[PDB]
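Residue numbers (PDB author numbering): 16 to 94, 102 to 160, 169 to 196, 206 to 268, 310 to 353, 358 to 570, 575 to 635, 641 to 870, 943 to 999, 1009 to 1222, 1230 to 1530.
Even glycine gets a Cβ: it sits at the ideal position worked out from N, Cα and C.
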Ligand SMILES: Nc1ncnc2c1ncn2[C@@H]1O[C@H](COP(=O)(O)OP(=O)(O)OP(=O)(O)O)[C@@H](O)[C@H]1O
Ligand SMILES: Nc1ncnc2c1ncn2[C@@H]1O[C@H](COP(=O)(O)OP(=O)(O)OP(=O)(O)O)[C@@H](O)[C@H]1O
Ligand SMILES: [Mg+2]
Ligand SMILES: [Mg+2]
């Protein structure tokens, strides 16, 4: 090796020894270092074995022949030079390793081999170099090399084709080149360019990325962690995601090395402008190194993104499973908002970290490399500069710690907000009926303001950290130079170091974010590890032995939580098989607690409970999913028409199906809001009955149905002559009409078994229950999320800009422009201006500091803008959602509304401001580069348009697909939330019916759809990026080829920078365009039709408007949607002032539709209501709802303080609230509570019994107490003693106000002056109850089934 023949001569020729040693050691060596490592992948990852094909054999045979040929050389050498022995033998054995490797790759099922192809490429290049040398030299050993080269070339061509396999994702069958360049998606790219992409065009998820192949692994690792240990979530994380992620370390290291090597080649090339061969070889080397850098970096990015997506899938699945197995105490502790945050944006924090977590070691690697270069270029003086960086470590770290705390608080606040929103979604009908939309809007606004203040402080600290990190290189430069002068600096020596500082700045300009991502991910890990470590109920607590007493209990002390006192005190009873059991009692005595204790939903302090046989449970509050009635009754069961029809007919559900539009196939709504209370209860009971279980725990299944339907159901389903006659049945009921039929009656008083026996046994004991008995007192309703088809409207960008404000936007743009101008001036000053040294070295520092402050400036200007816009975008949304009518919440499932408030809002909060910042930075960088290359060589400006033009085209070609993918991702994420909500609403039902596995599979399917939408998005980013970077690399080599041909310079180092800036301007613009989809989806609800104006100023009623309360319907036809039949066809009532009127009728007749129409919840289809000579159709919405009270059918208590539930407006004094609780017969219960009125109600009020929730509704009705009271079955799930107490207080407090009472208990309506009988939506018997009884009509019959005659 000497420079005369290798570099100095115009003939590019290697030396003979170099040819025979290094050029042969390179490829053989590559396979030797990779071979061992490759067994790891070949072993850990398997896909079967490929069959015997001609291609595989062709490759194997050529591997055998190639080895022979190489050993044939050793034979001829055996037949002086030392290299003529070792080299042929080494090549032969590495060749024997190559053929063995394709053999084992066949065995392990790999169609395209990256190793073989790259290995053959390197061998080919080495052979090409020797080939050219051997053909320039000119039989004996040359012909062996020609044979070797031809065989190697054919082997390389063969290695490109993909072998046979052992809406599929093309990556599973793509060739090696296709996957290294992400070509397997280009088909969807052009498709997505001709028509908007839909979910149908999207490919099915890869097997490795599928939820049921990812979540289980994480669950198993977590279970092992808990078995061996507090359990550290981080441990299971890398024990679950490192085996695949660690290859990104190799890709990152290779990319770092080659991205450092590239600029060296650039500098040598620009120094070159020596014969033309040197320039051609240098440009080819730069080109191939750049292309390899892009490919390797981009595989690294794909690995990080796929690992992050798998992390999100695993986190969502684990959260779902834990929520399924969670205990009630932990479920109360970890609110629904917290679970929604964990599964919605907590894995987003992990997703981002994935990309930066491969930099935590890369940034200090380049930092220490530049530091060593500084040491060798300037001596030990640089250690002083190190000190500065050292003193920059704690402060930032300290701030990071502070930021962490903020994030924690921020996250906590977010949970609260989401939890509150969930309550608003669940009790929206009650919220609007009570005119409480404004109060809860203000509550959510206060929570959001607190959360945004915390986020603003966190953004301030992040801006300070970014500022100090951006000013650190310049301060280090100045400190090092000042220490160095006190031997002398050389103008060249001084400035060969300034560039090193510009290189070191890159890392110090990402640690600002790597730190933020790590802090957010650490907070997320903490929240998720705390959730996954929550106490879980065990099925082994209840000895659920398969099918001599069906249910036996021995001294059970069940408690809802360990901290709280036990609810069940010494429970002991034994129910024989097939025995009808009624659990009677007053409000809040643990009857539903007893049933949930038999379901293992209650923590057991001590006892022995054995429940034998399958359990079928019906919750007092019926849980209904979005599936139709047939799928609700089936509940994932095989359809048997003979039994399904019998169950439907027996449960008195047939007439409701007759009056339903599509019968039993019509969609039923997210929460059963389509159905009535009685129909909901009947559907839940029929679902339990159809599932043939051995034990049926029925909790008030006939409380919300009339006497006739209740008797029909009991005789045909529950009673001794019903379908359930052979099953043990625990019937928790308050009605005592069916007690004589009961085989065993258990009285639950104070939480314990006060009395046990039959009706004839308890009527002779002469006890408390004896006194109680003596006293006798398809359609497709829901609309799924829709993805917009087209460019996002510029109105969305305007909405995000006008929310930020003119001043903030102008200041941010000015600071961006000033920062990039200062940076350009500094860099340009260094480039051209190169004693003046200290003075110029000071200018570099001065401009540099002037840059950092501006970097700080917009960092504190965009972020606060992100606080402003998120403060507006949410508020309008919070307004837009509430102002929307009840029909909107009916048709929109509670996964779109949660999506806007959880994930799209999070994207608006944090992602969009940062992405806007990086878009403005890239755009101004491109403008500055355009100015730079315009001032220099103005003749080149002719190529300024077309260059940008082509880039523009690529940008367009990409967004037309990319947006849709993002849109589809959001549209694919809305259902998942819904499922969680549903799963969170009916956890007890799912656990009791043992349908946990089916719901787990449904959640896995929904997450699989979401990732089917999300994975093509990241693959699209990679594909676009490869092409964009390749465009640049083919303008670097091209400008380089052109410049070398026209040598006798900086057009290249200008062209490369402009192409890189344009590539990262296109990528950023695509990112901003995709992120604006979040604002588009938030604004989607703005155009949705809303309710009538809340307050009509002109048509305001008098202050004392309902003073008479003379409600007068004219016809008031009611139609929920303009696709169904009327439910209030031509009713004419003339309710007088202060008239006790009772709207009684059959279940599902339209009684509560009257109440919904009185409040203008549903606009009148035909007719009007003139209350006190004032038409409500004309009155303001609040002017109507604030002057009419209602006690809703479904008692919902929003999570929070009990006093907050009684009046969220907080306009009643605590003394008055105490009085209102006293007339509700709840004073004793609230007073024995440890927290008194500040008692925290659970999510949806589950902390209280439904009787106590009805009492709370009555108490808040007493609090309002206007001249119109609507009693929508207030006495529905309360005992007879409480029932009469409620009626007596109403009879007293509501004595001079018009009251419209809908009830199935006719004994509460005989005192009413006159009643409204409803059958199917028409005015039936109409008059005084005594007159109707004389008429002997339908009211008489209803009183007959009620036992009142
Ligand atoms: N939100 C809704 N959308 C569409 N149809 C509905 C809706 N709510 C109820 N219905 C239908 O209207 C009819 C009457 O329902 P409504 O709410 O008036 O019953 P109800 O009189 O309150 O019954 P119950 O006696 O059980 O309280 C039924 O056919 C029911 O399925
Ligand atoms: N999730 C919960 N957290 C805390 N306490 C609860 C919870 N669920 C029920 N309780 C308490 O259990 C007690 C009894 O509730 P349960 O519903 O069993 O009463 P009940 O007498 O059957 O009610 P009802 O008369 O309405 O049928 C009440 O003190 C209630 O507050
Ligand atoms: Mg109950
Ligand atoms: Mg009703």
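- Beyond the five residues adjoining it in sequence on each side, residue 780 comes within less than 6 Å, by CB distance, of 725, 726, 728 in the same chain, given in chain order.
- Across the set 330, 260, 423, 331, the C-alpha of 423 shows the shortest separation from the C-alpha of residue 1076.
- In the three-state scheme derived from DSSP, where H, G and I count as helix and E and B as strand, residue 1245 is classed as helix.
- If the five residues before and after residue 1262 are omitted, its C-beta is found closer than 7 Å to the C-beta atoms of 1074, 1078, 1144, all from its own chain and listed in chain order.
- Shortest gap from the CB of residue 1427 to any heavy atom of ligand 2: under 6 Å.
- When secondary structure is reduced to three states using DSSP, residue 1028 falls in the helix class.
- When DSSP states are grouped into helix, strand and coil, residue 133 belongs to the coil group.
- In the DSSP assignment, residue 1291 falls outside any beta strand (DSSP E), carrying neither H nor E.
- In the structure shown, residue 1323 falls within a strand segment according to DSSP collapsed to helix, strand and coil.
- Note on geometry: alpha-carbon atoms of residue 1400 and residue 1393 lie some 11 Å from one another.
- Residue 442 has its alpha-carbon roughly 17 Å from the corresponding atom of residue 379.
- Not one heavy atom of ligand 2 lies closer than 6 Å to the C-beta of residue 702.
- Annotation note: the region 742-827 contains the following uninterrupted alpha helix (DSSP H) runs of length 4 or greater, listed N- to C-terminal: 747-752, 770-783, 800-806.
- Residue pairing from DSSP places residue 1479 in a beta bridge opposite 1449.
- Going by C-alpha positions, residue 833 is about 39 Å away from residue 1379.
- In the displayed model, residue 23 falls within a helix according to three-state DSSP.
- Residue selection by CB proximity (closer than 7 Å to any heavy atom of ligand 3) returns 684, 685, 713, 792, 793, 825, 1430, 1431, 1432, 1458 in chain order.
- Relative to ligand 4, residue 663 has its C-beta separated by 6 Å or more from all heavy atoms.
- By the CB criterion at 7 Å, residue 599 and residue 553 fall inside the cutoff.
- Within a 10 Å sphere around the beta-carbon of residue 1156 sit 16 or more other beta-carbons, which makes this residue buried.
- Under the three-state reduction of DSSP output, residue 365 falls in the helix class.
- When rounded, the separation of the alpha-carbon atoms in residue 375 and residue 215 is 16 Å.
- Contact between residue 1431 and residue 714 is confirmed by a C-beta separation of about 6 Å, below the 8 Å threshold.
- Comparing alpha carbon positions, the residue from 143, 528, 187 closest to residue 372 is 143.
- Ligand 2 has a heavy atom closer than 6 Å to the beta-carbon of residue 653.
- Secondary-structure assignment with DSSP links residue 452 through no beta bridge to anything.
- The C-beta distance from residue 1142 to residue 241 rounds to 7 Å, short enough to meet the 8 Å contact threshold.
- Using a cutoff of 6 Å, the CB of residue 1374 counts as near ligand 4, since one of the ligand's heavy atoms is closer than that.
- In the same chain as residue 1011, and ignoring 5 residues on each side of it, the C-beta atoms closer than 8 Å to its own belong to 577, 579, 582, in chain order.
- Within 6 Å of the C-beta of residue 1163 there is not a single heavy atom belonging to ligand 2.
- If the five residues before and after residue 1422 are omitted, its C-beta is found closer than 8 Å to the C-beta atoms of 1378, 1379, 1380, 1381, 1382, 1383, 1386, 1428, 1429, all from its own chain and listed in chain order.
- In the DSSP annotation of this structure, the continuous segment of the alpha helix (DSSP H) that includes residue 338 starts and ends at 327-352.
- Annotated as distal: residue 1456 and residue 1323, with beta-carbon spacing of 7 Å or more.
- In the assembly as shown, residue 564 is a buried residue. Its beta-carbon has 16 or more other beta-carbons within 10 Å.
- According to DSSP, residue pairing for residue 710 in a beta bridge involves 790.
- Judged by DSSP secondary structure, residue 849 falls outside any alpha helix (DSSP H) and instead within the beta strand (DSSP E) spanning 845-850.
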